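Sequence lines set the chain letters: A, B, ... in the order given, protein chains first and strands last, and positions in each chain run from 1.
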There are 2 protein chains.
Amino acid sequence: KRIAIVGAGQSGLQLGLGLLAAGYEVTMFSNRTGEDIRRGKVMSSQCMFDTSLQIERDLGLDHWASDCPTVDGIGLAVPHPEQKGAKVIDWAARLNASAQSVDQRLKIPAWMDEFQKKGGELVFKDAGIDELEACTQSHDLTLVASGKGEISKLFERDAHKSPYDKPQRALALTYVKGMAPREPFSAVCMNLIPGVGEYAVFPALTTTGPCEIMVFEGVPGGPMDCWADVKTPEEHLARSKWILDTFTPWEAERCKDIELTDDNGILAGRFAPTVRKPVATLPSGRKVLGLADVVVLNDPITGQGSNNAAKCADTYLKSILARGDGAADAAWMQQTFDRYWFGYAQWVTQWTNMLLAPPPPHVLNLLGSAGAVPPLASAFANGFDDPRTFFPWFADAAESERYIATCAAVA
Amino acid sequence: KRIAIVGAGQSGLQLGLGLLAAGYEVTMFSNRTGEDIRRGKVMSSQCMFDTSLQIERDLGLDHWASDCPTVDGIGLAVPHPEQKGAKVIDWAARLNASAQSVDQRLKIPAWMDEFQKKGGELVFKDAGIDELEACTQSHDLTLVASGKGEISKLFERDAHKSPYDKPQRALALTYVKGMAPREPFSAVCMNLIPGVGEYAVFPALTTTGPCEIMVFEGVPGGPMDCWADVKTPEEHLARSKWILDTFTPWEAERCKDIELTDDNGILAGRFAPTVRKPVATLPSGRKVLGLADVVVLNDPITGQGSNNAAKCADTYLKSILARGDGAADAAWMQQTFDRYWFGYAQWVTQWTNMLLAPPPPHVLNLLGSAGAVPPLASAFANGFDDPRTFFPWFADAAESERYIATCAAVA
Ligand SMILES: Cc1cc2nc3c(=O)[nH]c(=O)nc-3n(C[C@H](O)[C@H](O)[C@H](O)COP(=O)(O)OP(=O)(O)OC[C@H]3O[C@@H](n4cnc5c(N)ncnc54)[C@H](O)[C@@H]3O)c2cc1C
Ligand SMILES: Cc1cc2nc3c(=O)[nH]c(=O)nc-3n(C[C@H](O)[C@H](O)[C@H](O)COP(=O)(O)OP(=O)(O)OC[C@H]3O[C@@H](n4cnc5c(N)ncnc54)[C@H](O)[C@@H]3O)c2cc1C
Ligand SMILES: O=[S@@](Cc1ccccc1)c1ccccc1
Ligand SMILES: O=[S@@](Cc1ccccc1)c1ccccc1
Ligand SMILES: O=[S@](Cc1ccccc1)c1ccccc1
Ligand SMILES: O=[S@](Cc1ccccc1)c1ccccc1
């Protein structure tokens with residue numbers, strides 16, 4: 001009934017807090033102080049859809065639900081190749097229930113505070129193998145929940161579940177104040193720039209209050225792979241506006257008076273999508289279990305990492321509670337991951353990895369048809385809450401045409 | 001905020017009770033009295049796994065949880081072709097959480113009583129088109145939850161989702177007292193008789209207390225398609241013992257003193273697996289929405305119909321609550337079904353329909369390997385709680401060999 005978790009992030013803290021509430025003793029390692037997280041760089045755009053939000057609600061952890069702006073739909077626009085400044089696709093659909101984006105700079109430090117208040121043992125150290133060897137002698141189970149930290153590479157890359165070994169997009173985030181609110185409802189406003197990349201923007205809550213988060217993804221080497229020469233926050237804001245002016249002038253109209261929320265409300269980087277084997281064996285021969293981004297890491301193009309992290313921690317918590325006094329051996333660890341992967345994450349991952357590649361004709365047809373077939377637009381919007389619902393019609397041309405027909409018949 | 005439901009069965013009553021608890025007005029049509037259901041023929045073997053049981057718990061509807069025997073694992077046996085009376089495969093695995101089988105003869109009438117007590121309007125009539133036309137003028141939404149009743153055929157068969165148009169098994173149930181309990185834990189004891197059929201048995205709760213339910217499925221025309229000449233309860237019990245004596249003598253050893261729980265604790269029949277389109281249009285042009293077995297009907301070989309019914313009613317209830325004052329139009333109806341189908345039921349249905357066909361070599365290899373690889377046996381057992389977790393390794397030979405390797409590595 002003693003659990004150790006290395007890494008104080010979304011999944012690790014959600015799990016630790018749920019374990020404490022169930023009467024477990026929990027040790028957690030953090031490599032940063034709460035205040036340094038609050039005031040440091042942004043980490044995510046963390047748009048969480050209703051199913052993930054509800055996992056938090058059910059643990060009593062939705063502390064910002066009233067203050068965080070709701071995200072009430074999804075929109076998709078595509079520039080018109082033959083009409084300057086216009087869109088050839090431009091539609092939106094309401095989400096059946098609101099999404100919300102609460103800055104991890106707010107959430108993770110507040111959850112660290114709650115974790116201590118509820119009796120967790122928070123240990124401050126940049127943990128390595130030595131700490132894992134110690135934890136595995138004093139605890140019944142040790143999890144690594146370290147996200148994109150270097151220690152995550154202790155787990156073996158799963159080549160068969162990882163089609164990519166290089167970054168597929170150049171990423172940037174810009175948190176801003178002063179953006180014209182979307183009317184008549186808020187949305188994830190997605191912009192697909194063929195052969196170039198993607199821009200998405202939606203309202204969120206950060207450390208200085210409500211904002212909007214601009215999310216940029218660029219095909220590497222293309223016109224939106226444009227962050228290498230950006231060296232200051234001012235240059236970052238300027239490059240953000242330049243992208244909108246150049247590729248999505250309809251969005252630039254909302255941005256005449258935007259400012260950064262704070263100089264650390266910016267990010268640029270890239271990584272290869274990666275799936276890893278969940279059980280790592282230490283030099284001693286003892287074993288540790290990987291959680292969330294340690295074992296399933298996706299590009300943010302589908303906005304699923306934090307959703308995955310909440311759903312992964314829920315599955316792992318349920319598995320721990322069901323195990324009782326049973327051994328937390330490698331078999332149990334593997335079966336816990338397997339339920340997450342085969343039951344859910346394989347479909348999130350396959351969908352995301354397909355979207356990173358150039359869209360085949362049947363996908364462009366789906367995106368266009370959604371603008372004239374509102375049930376299909378709704379299927380797209382609410383698929384973000386459970387990407388299993390995209391299969392098999394998103395990936396297969398013949399199935400896509402059947403689903404368009406089903407949607408048109410009830411429009 | 002007025003909902004009508006035609007058919008007082010598992011899904012219809014679960015949904016109606018959840019709607020009443022959320023403040024809706026609910027009208028329900030039943031074609032039988034509660035007492036006639038209690039004392040009539042059995043309808044199911046209704047083995048419900050933990051996720052389905054939890055849906056009921058969360059609605060406060062688990063009224064028999066303490067009295068119903070738990071089912072704590074799954075076992076699989078296959079007769080040895082070259083050793084008389086022996087098994088070439090014989091293994092078991094524990095379920096991570098208990099399953100339970102509460103006779104629908106107990107549950108449905110008790111839930112009808114609760115439905116009235118909680119303010120539902122229970123109307124007694126064999127409902128037809130006229131009642132649906134009336135309901136759709138006086139209610140905001142009308143659902144058909146009539147199971148295998150004739151009115152279910154109002155919904156159009158979905159040929160593309162229905163690979164079969166004929167029964168694939170001859171079915172029978174026998175509820176008995178006096179069976180030797182399984183030691184050291186209870187289980188769904190499955191017996192696969194190659195080219196002949198399947199026998200499964202597990203403990204349950206019926207109207208005279210704890211029992212075991214014998215479940216027989218026979219390839220049509222084969223040795224276990226053997227119920228046509230059975231005309232009395234005594235002949236039914238005798239034919240049940242004959243199957244065990246002939247094909248599974250190890251199970252017959254537990255059955256030396258079995259008796260029927262009651263003369264109506266028997267069933268024999270068959271049906272074609274069928275998927276239907278969820279929106280039916282009445283002569284008036286008004287529309288009704290199908291629920292559970294009306295739109296997704298599977299053979300019982302995987303024991304999923306009641307599980308599907310609980311999960312379907314949960315999805316539909318969530319969709320209704322999220323809709324608020326939004327129109328309950330055909331688009332919303334279709335999207336509600338689509339989330340159930342693409343998110344979940346398509347995988348239950350594909351798995352079940354594959355199992356009805358003769359097993360390919362890689363499946364026989366999986367079943368044999370599970371006897372020597374306990375993590376793989378556990379994957380099989382707990383897959384019954386969420387059949388999504390069988391994909392893609394159950395259906396594809398190359399993926400099956402990868403998963404066997406994953407399991408063996410942590411054994
Ligand atoms: C640009 C960007 C945009 C995104 N947008 C979205 C979005 O809109 N929606 C969405 O759902 N997801 C989004 N994500 C993904 C989401 O942010 C992550 O998937 C989520 O944070 C995963 O949670 P986790 O618990 O696995 O890791 P994290 O929350 O990253 O936590 C890991 C923690 O462990 C710490 N750590 C690392 N190494 C060690 C060590 N050795 N010892 C101790 N601590 C250590 C790290 O510092 C970090 O604090 C986005 C990601 C990026 C990069
Ligand atoms: C032999 C057998 C064994 C099974 N074993 C299992 C098992 O182990 N595990 C499992 O999970 N599932 C099992 N099932 C499946 C499970 O019993 C059903 O899938 C489940 O009952 C579906 O619930 P439902 O609400 O859709 O329909 P039901 O529970 O069948 O309810 C439909 C109700 O509507 C009534 N009705 C019909 N027509 C009308 C009308 N015109 N007006 C009013 N009322 C009407 C019917 O009389 C019935 O009472 C089994 C099924 C069979 C046949
Ligand atoms: O992370 S962005 C995905 C993206 C889109 C466009 C340009 C960059 C990134 C997101 C967030 C929530 C829901 C959907 C998308
Ligand atoms: O309905 S039986 C399936 C079956 C097996 C063997 C012979 C007949 C039928 C069941 C119940 C719960 C879980 C698994 C199987
Ligand atoms: O990839 S296309 C457009 C796009 C996707 C994600 C972020 C930005 C743009 C898509 C759009 C909606 C639903 C599924 C896929
Ligand atoms: O169809 S085979 C054997 C069998 C299945 C179902 C009812 C009786 C026997 C199987 C066994 C376990 C898990 C998946 C498939």
Side-chain angles (χ1 to χ4, degrees), chain A residues 50-51 54 58 94-98 158 160-161 277-279 287 318-319 321-324 326 329-344 346-347 350 373-376 378-379 381-383 385-394 398-399 402-403 406-407 409-411, chain B residues 50-51 54 58 94-98 158 160-161 277-279 287 318-319 321-324 326 329-344 346-347 350 373-376 378-379 381-383 385-394 398-399 402-403 406-407 409-411:
Chain A
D50 175 73
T51 295
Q54 192 65 51
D58 290 348
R94 293 189 301 186
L95 288 167
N96 290 334
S98 295
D158 191 324
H160 187 248
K161 300 182 179 64
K277 297 190 209 316
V279 180
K287 311 259 182 198
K318 290 183 191 310
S319 183
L321 299 183
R323 184 57 163 194
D329 55 16
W332 173 87
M333 296 177 176
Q334 182 74 55
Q335 285 298 123
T336 295
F337 171 81
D338 286 349
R339 188 152 40 249
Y340 169 66
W341 175 255
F342 294 114
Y344 182 68
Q346 73 171 315
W347 281 297
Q350 286 173 43
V373 183
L376 175 62
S378 295
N382 292 296
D385 188 52
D386 187 341
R388 289 173 291 205
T389 61
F390 288 113
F391 294 78
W393 57 269
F394 188 82
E399 295 285 340
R402 294 177 183 273
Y403 192 52
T406 296
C407 289
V410 294
Chain B
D50 175 73
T51 295
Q54 192 65 51
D58 290 348
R94 293 189 301 186
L95 288 167
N96 290 334
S98 295
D158 191 324
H160 187 248
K161 300 182 179 64
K277 297 190 209 316
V279 180
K287 311 259 182 198
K318 290 183 191 310
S319 183
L321 299 183
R323 184 57 163 194
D329 55 16
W332 173 87
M333 296 177 176
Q334 182 74 55
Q335 285 298 123
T336 295
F337 171 81
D338 286 349
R339 188 152 40 249
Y340 169 66
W341 175 255
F342 294 114
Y344 182 68
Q346 73 171 315
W347 281 297
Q350 286 173 43
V373 183
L376 175 62
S378 295
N382 292 296
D385 188 52
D386 187 341
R388 289 173 291 205
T389 61
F390 288 113
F391 294 78
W393 57 269
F394 188 82
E399 295 285 340
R402 294 177 183 273
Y403 192 52
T406 296
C407 289
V410 294

Name the option with the most non-hydrogen atom pairs under 4.5 Å to chain A; the candidates are [options].
options	result
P374(B), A97(B), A379(B)	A379(B)
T389(B), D50(B), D385(B), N382(B)	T389(B)
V279(B), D338(B), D386(B)	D338(B)

Contacting region of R94(A) [heavy-atom separation from chain B under 4.5 Å]: neither
query: For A409(A), which residues count as a side chain to side chain contact (heavy atoms under 4.5 Å, CB included) partner, sequence neighbours excluded?
result: none
Quick one: pull up [atom1] in [X] and [atom2] in [Y] and give me the separation to the nearest 0.5 Å.
X	Y	atom1	atom2	result
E399(A)	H160(B)	CD	NE2	4.0 Å
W347(B)	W347(A)	CH2	CH2	4.5 Å
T406(B)	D158(A)	OG1	CG	7.0 Å

- prompt: In chain order, what residues pass the ring pair (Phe, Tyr, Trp, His ring centres under 6.0 Å) check against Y403(B), with sequence neighbours excluded?
  reply: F342(A), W393(B)
query: Among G324(A), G326(A), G343(A), which has the most heavy-atom pairs under 4.5 Å with chain B?
result: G343(A)
- request: Taking all heavy atoms of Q346(B) and all of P392(A), pick out the closest pair and write down the distance.
  value: OE1-CD, 3.6 Å
- prompt: Shortest non-hydrogen contact from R339(B) to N96(A)?
  reply: NH1-ND2, 3.2 Å
task: With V410(A) as reference, evaluate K277(B), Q334(B), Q335(B), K287(B) under the side-chain contact (heavy atoms from CB on, under 4.5 Å) test and give the passing residue.
output: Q334(B)
query: Is chain A contacted by the side chain of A411(B), its backbone, both, or neither, given a heavy-atom distance below 4.5 Å?
result: neither
